[PDB]
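Engineer: Quick one: structure below, then a few questions.
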Amino acid sequence: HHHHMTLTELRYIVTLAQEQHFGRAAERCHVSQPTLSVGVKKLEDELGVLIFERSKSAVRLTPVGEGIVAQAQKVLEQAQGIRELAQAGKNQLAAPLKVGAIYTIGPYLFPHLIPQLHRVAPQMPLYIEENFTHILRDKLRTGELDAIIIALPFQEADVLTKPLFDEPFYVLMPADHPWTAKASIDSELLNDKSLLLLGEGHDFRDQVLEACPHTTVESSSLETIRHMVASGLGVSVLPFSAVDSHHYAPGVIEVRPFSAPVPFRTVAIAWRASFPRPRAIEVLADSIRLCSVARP
Amino acid sequence: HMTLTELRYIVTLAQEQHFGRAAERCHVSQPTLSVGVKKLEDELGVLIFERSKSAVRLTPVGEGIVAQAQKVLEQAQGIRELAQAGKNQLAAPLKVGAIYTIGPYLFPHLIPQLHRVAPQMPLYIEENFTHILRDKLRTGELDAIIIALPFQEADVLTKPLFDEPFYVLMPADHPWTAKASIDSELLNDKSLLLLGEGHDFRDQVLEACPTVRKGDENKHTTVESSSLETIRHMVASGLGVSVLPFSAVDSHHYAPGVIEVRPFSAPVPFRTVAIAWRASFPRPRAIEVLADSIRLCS
Amino acid sequence: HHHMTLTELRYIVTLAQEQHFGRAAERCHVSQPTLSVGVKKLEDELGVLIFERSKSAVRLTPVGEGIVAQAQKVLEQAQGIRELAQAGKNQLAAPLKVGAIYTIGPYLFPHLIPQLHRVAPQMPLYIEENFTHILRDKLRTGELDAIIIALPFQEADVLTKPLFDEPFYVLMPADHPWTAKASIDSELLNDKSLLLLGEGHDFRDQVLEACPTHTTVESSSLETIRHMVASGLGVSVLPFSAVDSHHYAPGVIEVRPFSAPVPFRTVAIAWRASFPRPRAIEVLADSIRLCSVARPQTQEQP
Amino acid sequence: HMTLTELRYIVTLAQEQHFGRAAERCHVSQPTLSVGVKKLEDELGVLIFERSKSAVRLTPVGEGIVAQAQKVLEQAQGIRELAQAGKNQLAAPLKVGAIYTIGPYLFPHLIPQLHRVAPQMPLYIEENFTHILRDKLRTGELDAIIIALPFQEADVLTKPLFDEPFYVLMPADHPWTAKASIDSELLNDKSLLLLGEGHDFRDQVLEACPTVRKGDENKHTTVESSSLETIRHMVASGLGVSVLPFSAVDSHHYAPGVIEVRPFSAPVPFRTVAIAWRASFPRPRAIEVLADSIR
């Protein structure tokens, strides 16, 4: 090759894609904007494609570049792994972990998770992000996130996925609803149009639709659905970790289980095969598996 | 240019079969009833009632016309029934929006209050940014919205409801737990976690801090797509400190010894929660019930 | 109290239709302030608002919608008295206001309008295309006289007449593998290369039903989908009346029938029971039924 | 500073267990190879290879180091492969917006031509109002939009494609069919059907007409239709007259004797159809082929 791909140039492009700000990327790589920009342009001239758009209006990842940045983050982490094997035993539990969870998992998991994580890894705080599955995947690819908590199925190249627990669904209803007499709700009944569902985008929506032979309230969360049910707007479906996660006094909303066969999702953690801190992933997974909402 | 009045003449005349008792039930003289009735028959250019000294009887065309007139009058009474039913303003859903930093900490208390005073009014609920709630309010997709001042929009009314102070949220083992109050000027530091741009609470927190020399403004950490809950978890895990509105401080399920809050040193910063709605919204009674239930929540 | 007049009913119905005091007043041969006084007197008497009290806009209240629907009914029944009195009035000498859903209009009107001019040349069409539920709202208030929809459709005080069954077909680029088949098995349409209308269209649901349990281009139309297909983006499903309704040279797009049992929709017309021009509805229905795209007719009943 | 070349040196040396064969495989002299391997050893402060006179072989840590290095070389090669696959700009779908009064009259001619030069470029297509398409171009949700001038936007490039005269559309039995051309001042009448606000075609038509005295400014009938085709149906049924862009006049399925068209009297009103796209859009060649296919 005319020019040798260097690990510094890859560092530039991955940091620049994470930060989406020339200044902040430059300072994260401990150099000036002209230095960083020179390196990026060098890598681009050599590869013969644009990784970022030729604009100093802003920082836009090209589609080709997104793929290149995913790869480059892999490369950077394997290299890091070489230096780890060289100077072994350095502390993997002494820096923040960047963790994403999908909308319908995070609010119901993190609070149970965090005290155990503190008992085993007090030097590991959490930078937390909640979002749709595909955005979390994009962020795992750039390295903006270290680990993401999602629902199976989930596959991604050079990404590891470890199943953590199985989470059953429940029917949510006004306390004065007819169904409150039933001991278990059978799923055909859910074919009503008083069923409140999450908007398109949330994989949980489709898991619920799949569990049934409707009113879609979008730009909404499970919480605002629960508020709507409490006010008497209809009924809904919650994952088990969300059933007691609320601030109503009793006598406002009730839950009832599904008549067998009980529908469920599998909650899992995903991270890059090359991640140089596998012990943090382990401490995290452990802490999830051990917390209250994670047990039968 | 026929009228419900003359239609009522010919229906009553057809029922009574007698001009006198008909004019009597229509509370008019015999002449007015007569002239009415076939100023109508001359308008239609047909004979509804036969020529007669004595008998009131219906020509064959007349029978159909009178039956049609009775249908018309009954349906016209339908309008008054519909109207009557329409007078109750607490018998349909209310579509309510609240900003992201208010809804989660308001609706749990609001919903039962509102249920006490307006059982027949379920809520359709949206959480969103202020400018979006504003748009939905203008298009009538939302009936009322719960925002923080300032808020002034053409053809929209705004009612201040209450003031809500801010508190400082910190890990339970943080050095600031030794303080009784936090001086806002201490908050300028990278460990301060803020909501992204777009949330007005971000700027209420930043304005609540004193001004800085050139170049060391905004040392805080901005966390994009945060909610106040995910900040709460980041703080609980020991990542930094943040600022919560008062209604959020106990809105969680941690055991003691995970997170603490401390007040600000005077003057305590605060926001004014308001309800806004279109000036010509036709259901004022629902706005009243909503505003009062919100006020009783605090 | 104040007694309700047919005049006031006409004020509110015309206002609800035009959504504009100028065109409403004008339509009632009356000044704007006159019209406003009338409406306000009726609102005072019923004791509810029919229209929002706003200088800037004309907006129906929830109760006002039901009241305007009922008023339009009252007015048409009153007009029906004149019809009974001296029948044989010319019902074919004024425009007819007609709605059709987005997946019917573009493909039916060009066939219909010449049959119509043949049998009723003094009846021009004012035409609107929109979603089923909006066409329905406009039939209730009187903005439209007749709407052209797909079954099922059933509404209070509205009559519905099935007109013809229309089968679906599969649309593919001309160089697509399936061009080899004489028919297409509905199971095969279960992949990500199927382009569908967004959720507002009933044709979406009908195509989903035809396919065992898909790329949705929202805000698309069937025409837009056709272009996308023509460029090789994927495949789609069209109602029969759409299949020859394009301006492509031959050899760009191909259509193939479904393998039996062929899925279909039933095209129907709906109008107000009280409409005082039943001859106009009749000529409209007949003209549709004499269209080439309608030759199979239908055995469907209300 | 660790290089990919040093990693290649140690991976090769490990596989061959012979300096001679390793340096031959790496196209360098043996001192070059050994100097690089040593420099990596100094930098990692660990010995990857036996410091042995007789034989070349891996220390315990060296084996994991070589194992990691191979993964580095593999994935770095993936970078180059992705880049080579990305050079071809005519091998993925393109997202194109067109306004309501252009799309239906442009795509049927455009698409087969585009297919001849760029078969691996299918189109995702969206029709909408000018400002919506503008927004989608800006956010990147569309790659190119076909709009009518005037159009100017920040960081956005505009290329005129063609000029299009306007025509008057009328039912075939209409009195105006006797005329050779229509004076635009005839159009101020309730029988003129126009598109609603939002369609820039509406203003193009209105501003093609002479401004009139107070009280009579907008006598035309406005319709809610986003489609000229709906208006064409109304005109066909004898409801009124209307105005079409030239590329729409023959785009219909009526037999002769149903609708007619007459030109405006001079000077004839017209619009300029143009293509807009972001200046830093990373597939300038796909854009170029789109625009050439329109002409």
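Order determines the names: the first chain of the structure tokens is A, the second B, and so forth; residues in each chain are numbered 1 upward, and ligands are numbered 1 upward as they are shown.
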Leaving out stretch 277-284 of chain C and any residue of its chain fewer than 4 positions from it, which residues lie within 7 Å of it when counting only C-alpha atoms, given as a PDB file with N, CA, C and O atoms, in the first residue's frame?
Structural biologist:
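Below you can see part-v6.pdb, which holds the result:
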ATOM      1  N   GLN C  91     -83.902  15.862 -11.151  1.00  0.00           N
ATOM      2  CA  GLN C  91     -82.811  15.538 -10.236  1.00  0.00           C
ATOM      3  C   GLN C  91     -81.468  15.404 -10.941  1.00  0.00           C
ATOM      4  O   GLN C  91     -80.464  15.104 -10.323  1.00  0.00           O
ATOM      5  N   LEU C  92     -81.442  15.629 -12.237  1.00  0.00           N
ATOM      6  CA  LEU C  92     -80.213  15.425 -12.978  1.00  0.00           C
ATOM      7  C   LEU C  92     -79.728  16.711 -13.620  1.00  0.00           C
ATOM      8  O   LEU C  92     -79.292  16.724 -14.771  1.00  0.00           O
ATOM      9  N   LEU C 116     -71.438   8.327 -17.312  1.00  0.00           N
ATOM     10  CA  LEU C 116     -72.274   9.287 -16.628  1.00  0.00           C
ATOM     11  C   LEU C 116     -72.669  10.384 -17.585  1.00  0.00           C
ATOM     12  O   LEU C 116     -73.809  10.802 -17.585  1.00  0.00           O
ATOM     13  N   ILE C 288     -71.277   3.246 -12.709  1.00  0.00           N
ATOM     14  CA  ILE C 288     -70.169   2.425 -12.204  1.00  0.00           C
ATOM     15  C   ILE C 288     -70.352   0.979 -12.699  1.00  0.00           C
ATOM     16  O   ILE C 288     -69.418   0.361 -13.269  1.00  0.00           O
TER      17      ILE C 288
END
Engineer: Enumerate as a PyMOL selection string the residues belonging to chain A that approach chain D to within 9 Å, with only C-alpha atoms taken into account.
Structural biologist: chain A and resi 4-8+47-50+52-55+57+62-65+67-69+71-72+74-79+81-83+85-87
Engineer: Which residues of chain A are close to chain B, meaning at most 9 Å apart when you count only C-alpha atoms, and how do they look as an MDAnalysis selection string?
Structural biologist: chainID A and resid 96 106:107 110:112 114:115 117:118 122:131 217:221 223:225 227:233 245:249 252
Engineer: Got a sec: who's within 7 Å of stretch 225-235 of chain C, counting only C-alpha atoms, leaving out chain neighbours fewer than 4 positions off, as a PDB file with C-alpha atoms, in the first residue's frame?
Structural biologist:
ATOM      1  CA  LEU C 171     -47.201  -6.572  -9.600  1.00  0.00           C
ATOM      2  CA  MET C 172     -43.534  -7.329 -10.451  1.00  0.00           C
ATOM      3  CA  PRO C 173     -40.685  -5.857 -12.570  1.00  0.00           C
ATOM      4  CA  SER C 193     -39.665  -7.397  -1.020  1.00  0.00           C
ATOM      5  CA  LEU C 194     -43.477  -6.801  -0.724  1.00  0.00           C
ATOM      6  CA  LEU C 195     -44.262  -3.096  -0.771  1.00  0.00           C
ATOM      7  CA  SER C 220     -47.001   6.019  -0.355  1.00  0.00           C
ATOM      8  CA  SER C 221     -49.845   5.560  -2.836  1.00  0.00           C
ATOM      9  CA  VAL C 252     -41.173  -2.563 -17.721  1.00  0.00           C
ATOM     10  CA  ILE C 253     -43.763  -4.032 -15.342  1.00  0.00           C
TER      11      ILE C 253
ATOM     12  CA  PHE D 107     -41.182   8.832 -13.126  1.00  0.00           C
ATOM     13  CA  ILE D 111     -37.333   4.939 -14.545  1.00  0.00           C
ATOM     14  CA  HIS D 115     -32.614   1.192 -15.486  1.00  0.00           C
ATOM     15  CA  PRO D 122     -33.698   0.948  -7.636  1.00  0.00           C
ATOM     16  CA  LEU D 123     -35.631   3.999  -6.379  1.00  0.00           C
ATOM     17  CA  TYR D 124     -37.328   4.534  -3.083  1.00  0.00           C
ATOM     18  CA  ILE D 125     -39.913   7.173  -4.026  1.00  0.00           C
TER      19      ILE D 125
END
Engineer: Show me, as a Markdown table, the residues of chain C having an atom within 8 Å of chain B, each with the closest atom pair and its distance in Å, using only C-alpha atoms.
Structural biologist:
| residue | atom | partner | partner_atom | distance |
| --- | --- | --- | --- | --- |
| C:4 | CA | B:4 | CA | 7.9 |
| C:5 | CA | B:4 | CA | 6.4 |
| C:6 | CA | B:3 | CA | 6.2 |
| C:46 | CA | B:83 | CA | 5.9 |
| C:47 | CA | B:83 | CA | 7.4 |
| C:48 | CA | B:87 | CA | 6.4 |
| C:49 | CA | B:282 | CA | 7.1 |
| C:52 | CA | B:280 | CA | 5.9 |
| C:53 | CA | B:280 | CA | 5.7 |
| C:54 | CA | B:280 | CA | 6.1 |
| C:61 | CA | B:282 | CA | 6.7 |
| C:63 | CA | B:86 | CA | 5.4 |
| C:66 | CA | B:82 | CA | 7.0 |
| C:67 | CA | B:79 | CA | 5.8 |
| C:70 | CA | B:79 | CA | 6.3 |
| C:71 | CA | B:79 | CA | 7.0 |
| C:73 | CA | B:75 | CA | 7.8 |
| C:74 | CA | B:72 | CA | 5.7 |
| C:77 | CA | B:72 | CA | 5.8 |
| C:78 | CA | B:72 | CA | 6.1 |
| C:80 | CA | B:68 | CA | 7.6 |
| C:81 | CA | B:65 | CA | 5.9 |
| C:82 | CA | B:44 | CA | 6.3 |
| C:84 | CA | B:65 | CA | 6.5 |
| C:85 | CA | B:44 | CA | 5.9 |
| C:86 | CA | B:44 | CA | 6.9 |
Engineer: Let's have the selection written as an mmCIF file, in the first residue's frame, with C-alpha atoms.
Structural biologist:
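Written out: part.cif:
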data_model
loop_
_atom_site.group_PDB
_atom_site.id
_atom_site.type_symbol
_atom_site.label_atom_id
_atom_site.label_comp_id
_atom_site.auth_asym_id
_atom_site.auth_seq_id
_atom_site.Cartn_x
_atom_site.Cartn_y
_atom_site.Cartn_z
ATOM 1 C CA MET C 4 -86.012 26.090 16.121
ATOM 2 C CA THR C 5 -86.280 27.025 12.462
ATOM 3 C CA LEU C 6 -85.323 25.233 9.232
ATOM 4 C CA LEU C 46 -80.006 24.443 22.576
ATOM 5 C CA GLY C 47 -77.652 25.650 25.312
ATOM 6 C CA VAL C 48 -74.544 24.163 23.746
ATOM 7 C CA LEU C 49 -71.923 25.280 21.304
ATOM 8 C CA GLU C 52 -66.280 26.978 18.768
ATOM 9 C CA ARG C 53 -66.523 30.643 19.685
ATOM 10 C CA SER C 54 -63.626 31.876 17.578
ATOM 11 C CA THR C 61 -67.513 20.937 18.652
ATOM 12 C CA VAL C 63 -71.740 17.683 20.214
ATOM 13 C CA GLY C 66 -73.926 14.982 15.912
ATOM 14 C CA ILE C 67 -76.206 17.993 15.784
ATOM 15 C CA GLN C 70 -79.115 15.363 12.486
ATOM 16 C CA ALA C 71 -79.857 18.787 11.016
ATOM 17 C CA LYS C 73 -81.140 14.762 7.933
ATOM 18 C CA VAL C 74 -84.026 17.135 8.991
ATOM 19 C CA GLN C 77 -86.594 15.105 4.949
ATOM 20 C CA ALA C 78 -88.236 18.536 4.671
ATOM 21 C CA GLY C 80 -88.567 15.280 0.628
ATOM 22 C CA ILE C 81 -91.965 16.890 1.277
ATOM 23 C CA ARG C 82 -91.518 19.052 -1.879
ATOM 24 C CA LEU C 84 -93.668 14.130 -2.696
ATOM 25 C CA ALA C 85 -95.873 17.135 -3.479
ATOM 26 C CA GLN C 86 -94.901 17.667 -7.113
#
Engineer: Using only C-alpha atoms, which residue out of C:123, C:57, C:267, C:87 lies closest to chain D?
Structural biologist: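 Ranked by minimum distance to chain D, first place goes to C:123.
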Engineer: With 12 Å as the cut-off and only C-alpha atoms counted, what is the closest atom pair between each nearby residue of chain A and chain C? Distances in Å to one decimal, ordered by chain and number, as a Markdown table.
Structural biologist:
| residue | atom | partner | partner_atom | distance |
| --- | --- | --- | --- | --- |
| A:200 | CA | C:199 | CA | 11.4 |
| A:210 | CA | C:213 | CA | 10.6 |
| A:213 | CA | C:213 | CA | 11.4 |
| A:216 | CA | C:199 | CA | 11.6 |
Engineer: Could you list, as a ChimeraX atom specification, every residue within 10 Å of residue A:28, counting only C-alpha atoms and ignoring same-chain residues fewer than 6 positions away?
Structural biologist: /A:11-12,15-16,19,22
Engineer: Any chance you can output those residues with N, CA and C atoms as a PDB file, in the first residue's frame?
Structural biologist:
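Okay, this is what ended up in again04.pdb:
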ATOM      1  N   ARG A  11      -8.138   5.344  15.390  1.00  0.00           N
ATOM      2  CA  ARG A  11      -8.556   5.966  16.648  1.00  0.00           C
ATOM      3  C   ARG A  11      -9.301   7.247  16.357  1.00  0.00           C
ATOM      4  N   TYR A  12      -8.708   8.058  15.488  1.00  0.00           N
ATOM      5  CA  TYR A  12      -9.366   9.281  15.050  1.00  0.00           C
ATOM      6  C   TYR A  12     -10.762   8.999  14.514  1.00  0.00           C
ATOM      7  N   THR A  15     -13.266   7.702  17.335  1.00  0.00           N
ATOM      8  CA  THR A  15     -13.587   8.768  18.285  1.00  0.00           C
ATOM      9  C   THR A  15     -14.455   9.851  17.661  1.00  0.00           C
ATOM     10  N   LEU A  16     -14.112  10.255  16.439  1.00  0.00           N
ATOM     11  CA  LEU A  16     -14.891  11.265  15.737  1.00  0.00           C
ATOM     12  C   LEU A  16     -16.310  10.766  15.483  1.00  0.00           C
ATOM     13  N   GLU A  19     -18.171  10.925  18.996  1.00  0.00           N
ATOM     14  CA  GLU A  19     -18.418  12.258  19.531  1.00  0.00           C
ATOM     15  C   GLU A  19     -19.259  13.135  18.603  1.00  0.00           C
ATOM     16  N   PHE A  22     -15.904  17.616  15.981  1.00  0.00           N
ATOM     17  CA  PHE A  22     -14.468  17.693  15.730  1.00  0.00           C
ATOM     18  C   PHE A  22     -13.674  18.083  16.963  1.00  0.00           C
TER      19      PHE A  22
END
Engineer: Can you list, as a list in words, every residue of stretch 108-138 of chain D that DSSP puts in alpha helix (DSSP H)?
Structural biologist: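 Alpha helix (DSSP H) assignments inside stretch 108-138 of chain D correspond to residues 108, 109, 110, 111, 112, 113, 114, 115, 116, 117, 130, 131, 132, 133, 134, 135, 136, 137 and 138 of chain D.
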Engineer: Give me a file of those residues, with N, CA, C and O atoms, as a PDB file, in the first residue's frame.
Structural biologist:
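Generated output (selection.pdb):
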ATOM      1  N   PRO D 108     -42.582   7.819 -14.926  1.00  0.00           N
ATOM      2  CA  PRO D 108     -42.707   6.799 -15.979  1.00  0.00           C
ATOM      3  C   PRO D 108     -41.682   6.918 -17.122  1.00  0.00           C
ATOM      4  O   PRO D 108     -41.357   5.915 -17.767  1.00  0.00           O
ATOM      5  N   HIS D 109     -41.199   8.121 -17.404  1.00  0.00           N
ATOM      6  CA  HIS D 109     -40.185   8.275 -18.459  1.00  0.00           C
ATOM      7  C   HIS D 109     -38.783   8.032 -17.880  1.00  0.00           C
ATOM      8  O   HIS D 109     -37.943   7.391 -18.506  1.00  0.00           O
ATOM      9  N   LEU D 110     -38.566   8.539 -16.670  1.00  0.00           N
ATOM     10  CA  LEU D 110     -37.292   8.441 -15.949  1.00  0.00           C
ATOM     11  C   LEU D 110     -36.845   7.005 -15.630  1.00  0.00           C
ATOM     12  O   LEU D 110     -35.700   6.617 -15.853  1.00  0.00           O
ATOM     13  N   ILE D 111     -37.745   6.213 -15.085  1.00  0.00           N
ATOM     14  CA  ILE D 111     -37.333   4.939 -14.545  1.00  0.00           C
ATOM     15  C   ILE D 111     -36.758   3.944 -15.560  1.00  0.00           C
ATOM     16  O   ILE D 111     -35.716   3.338 -15.280  1.00  0.00           O
ATOM     17  N   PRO D 112     -37.370   3.808 -16.750  1.00  0.00           N
ATOM     18  CA  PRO D 112     -36.759   2.804 -17.646  1.00  0.00           C
ATOM     19  C   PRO D 112     -35.348   3.207 -18.157  1.00  0.00           C
ATOM     20  O   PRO D 112     -34.453   2.359 -18.342  1.00  0.00           O
ATOM     21  N   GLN D 113     -35.168   4.506 -18.367  1.00  0.00           N
ATOM     22  CA  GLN D 113     -33.893   5.081 -18.744  1.00  0.00           C
ATOM     23  C   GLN D 113     -32.801   4.855 -17.671  1.00  0.00           C
ATOM     24  O   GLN D 113     -31.709   4.295 -17.955  1.00  0.00           O
ATOM     25  N   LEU D 114     -33.105   5.289 -16.446  1.00  0.00           N
ATOM     26  CA  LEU D 114     -32.290   5.003 -15.292  1.00  0.00           C
ATOM     27  C   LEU D 114     -31.940   3.521 -15.272  1.00  0.00           C
ATOM     28  O   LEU D 114     -30.774   3.180 -15.047  1.00  0.00           O
ATOM     29  N   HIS D 115     -32.908   2.633 -15.540  1.00  0.00           N
ATOM     30  CA  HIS D 115     -32.614   1.192 -15.486  1.00  0.00           C
ATOM     31  C   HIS D 115     -31.577   0.765 -16.530  1.00  0.00           C
ATOM     32  O   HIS D 115     -30.691  -0.050 -16.233  1.00  0.00           O
ATOM     33  N   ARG D 116     -31.665   1.320 -17.738  1.00  0.00           N
ATOM     34  CA  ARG D 116     -30.602   1.096 -18.734  1.00  0.00           C
ATOM     35  C   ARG D 116     -29.204   1.495 -18.246  1.00  0.00           C
ATOM     36  O   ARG D 116     -28.235   0.770 -18.469  1.00  0.00           O
ATOM     37  N   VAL D 117     -29.055   2.666 -17.630  1.00  0.00           N
ATOM     38  CA  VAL D 117     -27.687   2.989 -17.248  1.00  0.00           C
ATOM     39  C   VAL D 117     -27.316   2.469 -15.843  1.00  0.00           C
ATOM     40  O   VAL D 117     -26.146   2.188 -15.581  1.00  0.00           O
ATOM     41  N   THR D 130     -43.414  20.633  -1.440  1.00  0.00           N
ATOM     42  CA  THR D 130     -42.066  21.183  -1.504  1.00  0.00           C
ATOM     43  C   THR D 130     -41.341  21.291  -0.156  1.00  0.00           C
ATOM     44  O   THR D 130     -40.216  20.809  -0.023  1.00  0.00           O
ATOM     45  N   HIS D 131     -41.966  21.923   0.834  1.00  0.00           N
ATOM     46  CA  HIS D 131     -41.269  22.134   2.090  1.00  0.00           C
ATOM     47  C   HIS D 131     -41.025  20.813   2.842  1.00  0.00           C
ATOM     48  O   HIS D 131     -40.004  20.675   3.525  1.00  0.00           O
ATOM     49  N   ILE D 132     -41.934  19.844   2.735  1.00  0.00           N
ATOM     50  CA  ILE D 132     -41.690  18.563   3.404  1.00  0.00           C
ATOM     51  C   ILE D 132     -40.478  17.900   2.753  1.00  0.00           C
ATOM     52  O   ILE D 132     -39.582  17.397   3.439  1.00  0.00           O
ATOM     53  N   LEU D 133     -40.435  17.915   1.423  1.00  0.00           N
ATOM     54  CA  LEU D 133     -39.330  17.278   0.717  1.00  0.00           C
ATOM     55  C   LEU D 133     -38.025  17.999   1.068  1.00  0.00           C
ATOM     56  O   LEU D 133     -36.989  17.372   1.228  1.00  0.00           O
ATOM     57  N   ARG D 134     -38.094  19.321   1.182  1.00  0.00           N
ATOM     58  CA  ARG D 134     -36.954  20.133   1.599  1.00  0.00           C
ATOM     59  C   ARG D 134     -36.411  19.629   2.947  1.00  0.00           C
ATOM     60  O   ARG D 134     -35.228  19.293   3.073  1.00  0.00           O
ATOM     61  N   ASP D 135     -37.302  19.538   3.928  1.00  0.00           N
ATOM     62  CA  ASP D 135     -36.932  19.010   5.230  1.00  0.00           C
ATOM     63  C   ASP D 135     -36.286  17.626   5.141  1.00  0.00           C
ATOM     64  O   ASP D 135     -35.267  17.384   5.771  1.00  0.00           O
ATOM     65  N   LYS D 136     -36.865  16.726   4.350  1.00  0.00           N
ATOM     66  CA  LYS D 136     -36.344  15.369   4.284  1.00  0.00           C
ATOM     67  C   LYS D 136     -34.980  15.324   3.604  1.00  0.00           C
ATOM     68  O   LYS D 136     -34.118  14.559   4.018  1.00  0.00           O
ATOM     69  N   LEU D 137     -34.768  16.160   2.593  1.00  0.00           N
ATOM     70  CA  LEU D 137     -33.464  16.297   1.990  1.00  0.00           C
ATOM     71  C   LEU D 137     -32.435  16.765   3.028  1.00  0.00           C
ATOM     72  O   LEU D 137     -31.286  16.291   3.032  1.00  0.00           O
ATOM     73  N   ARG D 138     -32.851  17.702   3.884  1.00  0.00           N
ATOM     74  CA  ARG D 138     -31.966  18.329   4.862  1.00  0.00           C
ATOM     75  C   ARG D 138     -31.496  17.337   5.918  1.00  0.00           C
ATOM     76  O   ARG D 138     -30.303  17.200   6.170  1.00  0.00           O
TER      77      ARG D 138
END
Engineer: Which polymer residues have any atom within 12 Å of an atom of residue B:138, counting only C-alpha atoms, with same-chain residues fewer than 4 positions away left out, as a list in words?
Structural biologist: residues 131, 132, 133, 134, 142, 143, 144, 145, 153, 154, 155, 156, 157, 276, 277, 278, 279, 280 and 281 of chain B
Engineer: Distance atom CA of residue B:177-atom CA of residue B:268, one decimal place?
Structural biologist: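 We find that atom CA of residue B:177 and atom CA of residue B:268 lie 17.8 Å from each other.
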Engineer: As an exercise, work out the distance from atom CA of residue D:271 to atom CA of residue D:203 in Å and give it to one decimal place.
Structural biologist: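 Taking atom CA of residue D:271 and atom CA of residue D:203, their separation equals 11.1 Å.
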Engineer: Fewer than 4 positions away in the same chain doesn't count, so skip those; otherwise give me all residues within 9 Å of residue D:101, counting only C-alpha atoms, as a ChimeraX atom specification.
Structural biologist: /D:105,127,199-201,226-228,244-245,248
Engineer: Please produce a file of the residues just selected, as a compact mmCIF listing (two decimals), in the first residue's frame, where the atoms kept are N, CA, C and O atoms.
Structural biologist:
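Output contents, as saved in result-v5.txt:
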# COMPACT_ATOMS: atom_id res chain seq x y z
N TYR D 105 -45.78 12.66 -13.51
CA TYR D 105 -45.56 12.95 -14.91
C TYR D 105 -44.09 12.71 -15.30
O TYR D 105 -43.74 12.62 -16.47
N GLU D 127 -43.73 11.15 -2.86
CA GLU D 127 -44.29 12.41 -3.37
C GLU D 127 -44.81 13.25 -2.21
O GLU D 127 -45.39 12.73 -1.25
N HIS D 199 -49.32 23.69 -2.47
CA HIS D 199 -48.83 23.34 -3.80
C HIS D 199 -48.30 24.59 -4.50
O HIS D 199 -49.05 25.53 -4.77
N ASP D 200 -47.01 24.61 -4.83
CA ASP D 200 -46.49 25.83 -5.42
C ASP D 200 -47.05 26.05 -6.84
O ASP D 200 -46.98 27.16 -7.39
N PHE D 201 -47.63 25.00 -7.42
CA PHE D 201 -48.26 25.12 -8.74
C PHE D 201 -49.42 26.11 -8.69
O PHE D 201 -49.58 26.88 -9.64
N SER D 226 -54.62 16.65 -3.49
CA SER D 226 -53.17 16.77 -3.73
C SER D 226 -52.80 16.34 -5.18
O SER D 226 -51.61 16.20 -5.55
N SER D 227 -53.83 16.17 -6.00
CA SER D 227 -53.64 15.58 -7.31
C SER D 227 -54.31 16.38 -8.42
O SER D 227 -55.48 16.78 -8.33
N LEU D 228 -53.56 16.56 -9.51
CA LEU D 228 -54.10 17.21 -10.66
C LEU D 228 -55.05 16.23 -11.35
O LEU D 228 -55.84 16.63 -12.16
N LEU D 244 -52.90 22.76 -16.40
CA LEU D 244 -51.91 21.69 -16.25
C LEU D 244 -50.51 22.07 -16.70
O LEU D 244 -50.35 22.86 -17.61
N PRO D 245 -49.48 21.47 -16.07
CA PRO D 245 -48.14 21.60 -16.67
C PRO D 245 -48.12 20.73 -17.89
O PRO D 245 -48.84 19.74 -17.93
N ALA D 248 -48.14 16.91 -17.98
CA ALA D 248 -49.33 16.19 -17.54
C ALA D 248 -50.47 16.09 -18.61
O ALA D 248 -51.45 15.34 -18.44
